[PDB]
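Undergrad: Sequence, then the experimental structure. Questions to follow.
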Amino acid sequence: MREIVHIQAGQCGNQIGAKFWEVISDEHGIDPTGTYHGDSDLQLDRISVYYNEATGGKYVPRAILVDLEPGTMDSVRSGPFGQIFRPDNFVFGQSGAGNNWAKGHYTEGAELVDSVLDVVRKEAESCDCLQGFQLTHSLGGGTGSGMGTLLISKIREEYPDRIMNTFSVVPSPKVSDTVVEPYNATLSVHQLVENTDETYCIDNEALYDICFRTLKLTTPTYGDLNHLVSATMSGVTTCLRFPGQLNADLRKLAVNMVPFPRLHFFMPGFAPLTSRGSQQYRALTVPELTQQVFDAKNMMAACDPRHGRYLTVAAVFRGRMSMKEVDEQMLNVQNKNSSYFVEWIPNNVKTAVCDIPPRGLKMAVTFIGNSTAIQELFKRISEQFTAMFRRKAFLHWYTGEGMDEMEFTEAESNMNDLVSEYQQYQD
Amino acid sequence: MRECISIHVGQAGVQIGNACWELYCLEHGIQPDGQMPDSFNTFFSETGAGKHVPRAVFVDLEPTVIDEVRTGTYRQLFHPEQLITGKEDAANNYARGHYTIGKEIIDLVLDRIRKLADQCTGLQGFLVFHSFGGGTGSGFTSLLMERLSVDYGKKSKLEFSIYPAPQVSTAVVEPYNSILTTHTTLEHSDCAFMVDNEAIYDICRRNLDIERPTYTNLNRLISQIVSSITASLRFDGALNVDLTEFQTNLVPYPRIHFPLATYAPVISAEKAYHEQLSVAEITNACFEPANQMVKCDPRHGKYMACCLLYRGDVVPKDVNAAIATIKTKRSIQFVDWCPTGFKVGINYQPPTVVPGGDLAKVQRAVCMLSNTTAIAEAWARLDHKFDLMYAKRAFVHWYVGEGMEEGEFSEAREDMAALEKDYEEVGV
Amino acid sequence: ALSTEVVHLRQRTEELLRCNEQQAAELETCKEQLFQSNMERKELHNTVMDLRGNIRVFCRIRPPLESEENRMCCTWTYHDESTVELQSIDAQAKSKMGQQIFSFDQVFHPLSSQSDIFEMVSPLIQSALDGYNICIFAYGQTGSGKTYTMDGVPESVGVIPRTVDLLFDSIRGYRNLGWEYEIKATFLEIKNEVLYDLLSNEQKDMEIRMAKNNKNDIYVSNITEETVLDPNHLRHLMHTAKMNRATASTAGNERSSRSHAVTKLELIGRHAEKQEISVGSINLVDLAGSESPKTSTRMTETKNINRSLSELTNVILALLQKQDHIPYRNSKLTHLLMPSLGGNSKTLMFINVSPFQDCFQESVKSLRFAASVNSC
Amino acid sequence: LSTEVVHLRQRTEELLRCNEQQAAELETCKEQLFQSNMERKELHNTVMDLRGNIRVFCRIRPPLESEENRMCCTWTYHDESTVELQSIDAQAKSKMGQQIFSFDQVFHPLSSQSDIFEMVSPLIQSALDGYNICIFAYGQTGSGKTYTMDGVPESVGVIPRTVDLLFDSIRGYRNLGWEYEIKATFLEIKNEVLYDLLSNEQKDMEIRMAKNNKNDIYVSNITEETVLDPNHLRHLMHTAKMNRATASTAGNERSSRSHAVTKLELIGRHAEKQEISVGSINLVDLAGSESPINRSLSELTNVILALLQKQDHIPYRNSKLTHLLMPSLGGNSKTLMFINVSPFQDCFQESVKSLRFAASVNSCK
Ligand SMILES: Nc1nc2c(ncn2[C@@H]2O[C@H](COP(=O)(O)OP(=O)(O)OP(=O)(O)O)[C@@H](O)[C@H]2O)c(=O)[nH]1
Ligand SMILES: Nc1nc2c(ncn2[C@@H]2O[C@H](COP(=O)(O)OP(=O)(O)O)[C@@H](O)[C@H]2O)c(=O)[nH]1
Ligand SMILES: Nc1ncnc2c1ncn2[C@@H]1O[C@H](COP(=O)(O)OP(=O)(O)O)[C@@H](O)[C@H]1O
Ligand SMILES: [Mg+2]
């Protein structure tokens, strides 16, 4: 039934996945134990896509947890919704990547990749018709980058039919949390553009702006950012897990979004983002959802769309609404911002009206835009990378791990090629 | 009994058929269970027990919507082996639905329809409901259509496909699917009734005065259309017309077989009181370009042929008078070489309004199956969008990556250009 | 006659030494002039190619067999040596497709044999000696004559033996110029979008990698590189590679007629006296069958082949339209041939067409994009 | 002492052996040189053929110090091969339509002699390949044709640069075993009567087909000075322009209405081999194009237009200048034609008169 396998690499990915699984379980009325207690049989109808059946009316997430240090997984297991996982799935090393991509893709990855791929196969064969894999990680750290790329390269070469979802947390432009995240990101995207086929670029600075300004939040704990990302991620597949007027799936939008194999990096966006007390003042209808979801103020990525053109846009809707409104408003925004859309793709909007809204909510929209504004982010990263490359800053930590600098040259050239593609299709 | 069977591919096909069959079982007082607490035998293979199974084959490559109908109020209505489901949707791919999943379920669906045909005594024809942008509704539909034309050839194959809207394209890749399925269907389609979502949207806006129209309402409208089409079979009228006479009356040439539908008395209940709903006025209404079910201007193209289906309390004298008046009209253009095309389908079974519906209780209704030159520009702009996509070779990797060649894209493109050429050369 | 003999021999030695000095000076001058003339003709010939080409599309049709000529065949109208007209006999095909006229650099008659091929190879090998990376593409459907033109038959060899002999005589002639040419033979197969080796049976892992010297220069790790010593050595290597590529071609059409064999001959000419080195490579690459995938048995790799062909078409049309970036990395075949496709590199594009009705759609497909290439 | 004799004998033997082998290698290299040079020339003429056949060029010249108060026109330059001119008279601007002309190359008043000689120089090499070459400067009076051809001692014209390049190439090719002889004939056509520019001995002069080539033309009674060095040909040109009787001071109708034909025949022979070449360079300075004799000019225009039309019959013998250049306008040859345009409002109609000839030239090819 088009089941999905969830992988979590790096501690960032692990925390994000913890949030994601708790929100999903909230959607389907699953207790920490795993005993179902919801009411709508629609939760059961597609419960298989994320939960394997368990004896005695329990359910376990079809999830894999990967790290190179135990501490995060210990926190997860200790935390609520920790016992929900099947304990066999927790795969972890002992060394730790140390924010070094070379380790996590050549030594610790080398020694742990089989110990995780075995349980990957075990989960895969426990499915009727495998739909695809969603990988949650970050491009900054060591394990979530090196291990993530290694797992992608592995999975692709023996599951070429399936689809890969990578919600890479792209490095921030200004508030850098790692002195060497240029190297990690540049090495990662080299694998990313080759194997996966849709990547959701997320930035922490953009999410800070979201929560602080739009949400009027003052304590932007990582819990809240992860909650936002998880809401987007559940909204991506709600069409798969639920009936609707236009049921879409990962396959459905995969072809819609990407005109060309390499250009598969998207900017997510979640519409209804009323602040703490402004919900009273604002009516919740399709116009608000659309106009809000099309604001540069609302993109989870830190790129301004107005600097480039939307190659392709998808708009997945939850709740009860009349698609007439959504048709006319997509037409409207296509007309007004015609400068913001590529000309040679008329009517470049994809609509996926589903039925069930998120709990406590009436209407919801998830935005996925494959705009050309990403090329500015890639230029920024390339500039940072080459800035600390020919000075060979921190190079020894990588070189002594079993890689050559021509690998850095390769990744840099490849990412420059990506930039060339985007700037070229800008016209 | 010259019975007919119906096919439903894709989300659109299945939703439409759901609305249709609910309307049908409403016509004959059939419970959702399948018993009536004669006429209906054309569409219901009623068994010895009071279980009137419909002659419907629902096919889809994803189990979602079909499972929903298997959970709806009509699960026990349908024969459980009728509802055929795949496992993964074609995802807007003509390629998937025609090469990689289509032939993996087509044997089963062909077998089931073969069984159904053997069940029928006098096989009248086939009804298929699908889309164009739909990956299934394009690839799978074309595959099944050519397969049937191989199997029977002689029977009547009627498409109720949904033409993509001129302004809104829900799927970014619609032009590719449309061009491919049209090229592969042209030579296997007897007559394809086209309809569009934008036009019916305008209709429910300015006539029903529905402000938030859902797919349910559009499906109600299409159900009314098809009910009018089949009334002559399911019921007795002054002039009954079967599906066989449609090919003869409408298409002048084998390729030019794309009529567009229209349904006149579409007023709301509150406005029903302010109008008498005369035969002449609804006849005029069905010629109003604002009332067409396809976003095209009949005023800008000559008509090839017009088929009019009247149901309810109608008098032939009035029909003849109204037709004469419309003949006297000036904006109503006609090509010379066919100067008399108005085949009439008077029937005296009034249409029935679904409870909870939007339409009003009307004494008489007419359905207009116009075929006109005014569709050439629709093909022109579709081909133009296709050329825009193909110039940059956008998305081509998905298709060539799953069964075809860009050379085949060019084949379909030039085939469509030839179609438009022939269409305009007939137009003069 | 002894005392005067000493004087006579001294005079003779003086005269012979003077002749030695003159011949040496004029020999150095003539070597320099020969090199200058060679490079002048290099630039002139490259200008000729660029004005008349740098993307050369050649079309050839094989003659039907004695039994297949009685099989129905279409009318072939050769308006000139550069345009060929294909018209399907079917009336409905005539009505819908209309006239199928096409423009190319040069049209081959079915009786043209291998002579025109050789006289197009001669400027091709000449430009290969210029130090230019040249790639050859044998495109077409199965049975259309691709194997007949590339490999050939014992009575009439294909392009490859003629090129080998021409290159060997050219390098042995240029040895008189003091040019030492090192020629490297590389063989690889592209199936299922993963590279293989033709010289080695053992299963190793290939990966595409840019060379140490330059980013634009590309090599493949872990390949069997053979230094060619004599022509017969190269012939034996090619025979072993053709024997290693043993699979269904027409009986089953499984992998052969569906594979991409890349034959790259890296030539490195060196001249120690003036310390100048010329680098070049020829790429004798045959394409896969362009037929629509109908075998449900193994349709996936056929779809991959279609991806490869479409990407090659996209790459070449990007070359024509002066596109800033050309998607070399979308496919393995394009990515490993990027040095031979961009810049001063020159491509011959060869197409074979079948003279029967069942290939009418495929013949038209083969011709149309090539004619579009000719237009731009 | 006999030991020295024996040593000298063996030294003579080794020296003769090494000399013989070195000479054999030398001759083989010379043969390779010749085989390379012939292919070089073939490639050069192939380049000439690929670049075109008519080679339309426009050379707009700046106004002089005495022309600063005149009214110019609106020169609309497009890319580098298309030019458009408009009269500043707004009343006639809407009555002229599209006065746009696209040629092979466009020369603006900032272009020096080197810019034109860049295009001209490969034709000297082509003439060295035994092919006839023609250079034409066309335009109205005052356009600049003489400046293109003769020029000034400060900025020399096309002819001196062609001579210098010719001699440089001759002395470069002397190592290639070939010897060349330069034959220079200076001639002027005024009213369909041929005038020798290197002698004041007035006689009767006629044109006859060559004794060894019925397609080639040799003119009787012409003096044919063999040029030894650029100084000799410069002296010959000096004497010719002295003999031209430049009547610009009194009776300008004589100089500004006469065609000036400068023919430079290149013949190349090769001993120890076979080589026959009769390639000639016809540096013709055409007369004024002003409307009114014009028999030669109209015949030249018609002949060029018919040649670009692949006409079955070419009217070669209907004028003195066409029949003079009958072997110089063959299919295998390469023709160059320059349009000199005065950038003045009073010359606007003469400008379009000069430009519509090339407008018909490129539309007929
Ligand atoms: N009139 C009407 N049209 C509908 C309705 N539902 C869907 N459609 C149209 O039908 C198309 C639905 O796509 P499908 O035919 O189901 O295609 P699919 O089966 O999902 O396969 P893919 O196209 O690859 O996703 C859309 O283009 C809609 O415009 C409906 O309820 N009423
Ligand atoms: N949204 C979010 N991002 C995080 C969280 N924790 C870490 N990150 C990001 O992840 C990056 C750190 O890399 P990480 O993968 O955690 O290091 P590694 O696990 O050792 O490879 C930093 O740039 C953080 O911004 C979290 O809880 N939420
Ligand atoms: N580019 C130029 N720069 C300066 N003076 C020029 C230029 N072109 C032509 N002239 C002037 O034009 C005169 C040459 O006359 P010209 O126009 O060639 O006669 P014709 O009318 O026969 O062509 C020279 O005296 C020179 O001063
Ligand atoms: Mg003059």
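TA: Nice, thanks for sending it over. Numbers count the residues shown, from 1 in each chain, chains lettered A, B, ... in the order given. Ligands and ions are numbered 1, 2, ... in the order given.

Undergrad: And the strands in chain A?
TA: A:3-8, A:51-54, A:58-61, A:63-67, A:90-92, A:130-136, A:163-167, A:198-200, A:265-270, A:310-319, A:349-351, A:363-371 (DSSP state E).

Undergrad: same check, this time on the stretch 151-300 of chain B
TA: Secondary structure of the stretch 151-300 of chain B, counting by DSSP state E, counting those that start in this stretch: strands at B:156-159, B:162-163, B:191-192, B:195-196, B:260-263.

Undergrad: Of these, which is nearest residue B:117?
TA: The closest of the strands of the stretch 151-300 of chain B to residue B:117 is strand B:156-159. By C-beta to C-beta, the value is 12.7 Å. Quick note: C-beta positions are derived from backbone N, CA and C, even for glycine.

Undergrad: by contact count, what packs against the closest one?
TA: With contacts defined as 3 or more C-beta pairs under 8 Å, 6 or more residues apart in numbering or on different chains; DSSP states H and E, strand B:156-159 has these neighbours: strand B:122-129, helix B:141-151, strand B:191-192, helix B:243-250.

Undergrad: For the shortest one, enumerate the helices and strands it packs against.
TA: Counting contacts by 3+ C-beta pairs under 8 Å, 6+ apart, strand B:191-192 is packed against strand B:156-159, helix B:243-250.

Undergrad: Among the strands of the stretch 151-300 of chain B, which comes closest to ligand 3?
TA: strand B:162-163 (67.2 Å; C-beta to the nearest ligand atom).

Undergrad: Around ligand 1, pick out the residues from the stretch 151-300 of chain B.
TA: Within the stretch 151-300 of chain B, the residues that sit near ligand 1 (C-beta under 6 Å from any ligand atom) are B:162, B:170-171, B:197, B:215, B:218-219.

Undergrad: give me the subset of those residues touching ligand 2.
TA: Okay, of those, nothing touches ligand 2 (C-beta under 6 Å from any ligand atom).

Undergrad: Tell me which two of those sit farthest apart.
TA: Maximum distance among these (C-beta to C-beta): 18.9 Å, for B:171 and B:219.

Undergrad: Who has more neighbours out of those two?
TA: The residue with more neighbours, out of residue B:171 and residue B:219, is residue B:171; 27 against 20, by other C-beta atoms under 10 Å in any protein chain shown.

Undergrad: Excluding chain neighbours, give the residue nearest to residue C:59 in space.
TA: Excluding its sequence neighbours, the residue lying closest to residue C:59 (C-beta to C-beta, 6 or more residues apart in numbering or on different chains) is residue C:104, at 4.7 Å.

Undergrad: roughly how far apart are the one you found and chain A?
TA: Distance, residue C:104 to chain A, by C-beta to the nearest C-beta, to the nearest Å: 29 Å.

Undergrad: I'd say that residue and residue C:58 touch.
TA: Yes - between residue C:104 and residue C:58 a contact is recorded at 6.8 Å, counting by C-beta atoms under 8 Å.

Undergrad: Pretty sure residue A:186 sits against residue A:380.
TA: No - in this structure, residue A:186 is not within contact of residue A:380 by C-beta under 8 Å, at 11.7 Å.

Undergrad: any idea how the chain splits into domains?
TA: All of this is about chain A. Residue ranges for the domains of chain A, per CATH domains of a matching chain: A:1-259, A:260-373, A:374-427.

Undergrad: right idea, wrong chain: chain B
TA: B:1-259, B:260-374, B:375-428.

Undergrad: just these: most buried one?
TA: Most buried of the domains of chain B, by mean neighbour count (mean count of other C-beta atoms under 10 Å in any protein chain shown): domain B:1-259, with a mean of 20.

Undergrad: What's the end-to-end length of it?
TA: Length of domain B:1-259, first residue to last, C-alpha to C-alpha, to the nearest Å: 27 Å.

Undergrad: And residue B:201, how far from residue B:212?
TA: 11 Å (C-beta to C-beta, to the nearest Å).

Undergrad: residues shared between the contacts of these two?
TA: Residues touching both residue B:201 and residue B:212 (C-beta atoms under 8 Å, 6 or more residues apart in numbering or on different chains) are residue A:324.

Undergrad: Can you name the residues in contact with stretch B:151-158?
TA: In this structure, residues lying in contact with stretch B:151-158 by C-beta under 8 Å, 6+ apart are B:110, B:114, B:123-128, B:145, B:148-149, B:188-193, B:243-244, B:246-247.

Undergrad: Please disregard the earlier target; I meant stretch B:205-217.
TA: Contacts for stretch B:205-217 (C-beta under 8 Å, 6+ apart): A:245, A:321-325, B:15, B:19, B:201, B:204, B:266-268, B:271, B:290-291, B:358-359.

Undergrad: rerun at 7 Å
TA: Residues outside stretch B:205-217 that contact it (C-beta atoms under 7 Å, 6 or more residues apart in numbering or on different chains): A:245, A:322-325, B:15, B:201, B:204, B:266-268, B:358.

Undergrad: again, but for stretch B:339-355
TA: Under C-beta under 7 Å, 6+ apart, the answer for stretch B:339-355 is B:22-23, B:26-27, B:220, B:224, B:227, B:231-232, B:235, B:237-241, B:249, B:305-314, B:316, B:319, B:323, B:359-363, B:365.

Undergrad: hey, C-alpha coordinates of that stretch in PDB?
TA: Provided in PDB are the C-alpha atoms of stretch B:339-355 (Å, rounded to 0.1, in the frame of the first residue of the first chain):
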ATOM      1  CA  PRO B 339     -27.500  22.400 -44.400                       C
ATOM      2  CA  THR B 340     -29.900  20.400 -42.300                       C
ATOM      3  CA  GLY B 341     -28.200  18.900 -39.300                       C
ATOM      4  CA  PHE B 342     -30.600  19.000 -36.400                       C
ATOM      5  CA  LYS B 343     -31.300  15.400 -35.500                       C
ATOM      6  CA  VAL B 344     -33.900  15.500 -32.700                       C
ATOM      7  CA  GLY B 345     -34.300  13.200 -29.700                       C
ATOM      8  CA  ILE B 346     -37.700  14.000 -28.200                       C
ATOM      9  CA  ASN B 347     -38.400  11.900 -25.200                       C
ATOM     10  CA  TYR B 348     -41.000  12.200 -22.500                       C
ATOM     11  CA  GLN B 349     -39.200  11.100 -19.300                       C
ATOM     12  CA  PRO B 350     -38.700  14.200 -17.200                       C
ATOM     13  CA  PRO B 351     -35.300  14.500 -15.600                       C
ATOM     14  CA  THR B 352     -35.200  13.800 -11.900                       C
ATOM     15  CA  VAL B 353     -33.400  16.000  -9.400                       C
ATOM     16  CA  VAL B 354     -31.100  14.400  -6.800                       C
ATOM     17  CA  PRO B 355     -32.100  15.200  -3.200                       C
END
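
Undergrad: Count the residues that sit near residue 283.
TA: Chain wasn't specified; assuming chain A. 6.

Undergrad: You answered for a different chain; I wanted chain C.
TA: Neighbours of residue C:283 using other C-beta under 10 Å come to 23.

Undergrad: Could you say whether it sits in a helix, a strand or coil?
TA: Classification of residue C:283 by DSSP: H, G, I helix; E, B strand; the rest coil places it in strand.

Undergrad: do the helix or strand encompassing residue B:67 and chain A meet?
TA: Under the criterion of DSSP states H and E, residue B:67 resides in helix B:64-71. Yes - residues of helix B:64-71 contacting chain A under C-beta under 7 Å from any C-beta of the partner chain: B:64-65, B:68.

Undergrad: Pick the one among the residues you listed closest to ligand 1.
TA: Distances from ligand 1 to the residues of helix B:64-71 next to chain A, taken by C-beta to the nearest ligand atom, are shortest for residue B:65, at 8.0 Å.

Undergrad: Which single residue of the stretch 301-428 of chain B ends up nearest chain C?
TA: Nearest residue of the stretch 301-428 of chain B to chain C, counting by C-beta to the nearest C-beta: residue B:407, 2.9 Å away.

Undergrad: Please determine how far that residue is located from residue C:313.
TA: Here residue B:407 is placed at a distance of 9 Å from residue C:313 (C-beta to C-beta).

Undergrad: Next, see if the helix or strand containing residue C:333 gets close to chain B.
TA: For residue C:333, the element it lies in under DSSP H and E is helix C:332-336. No - Helix C:332-336 lies apart from chain B when judged by C-beta under 7 Å from any C-beta; the minimum separation is 12.7 Å.

Undergrad: Noted, bye for now.
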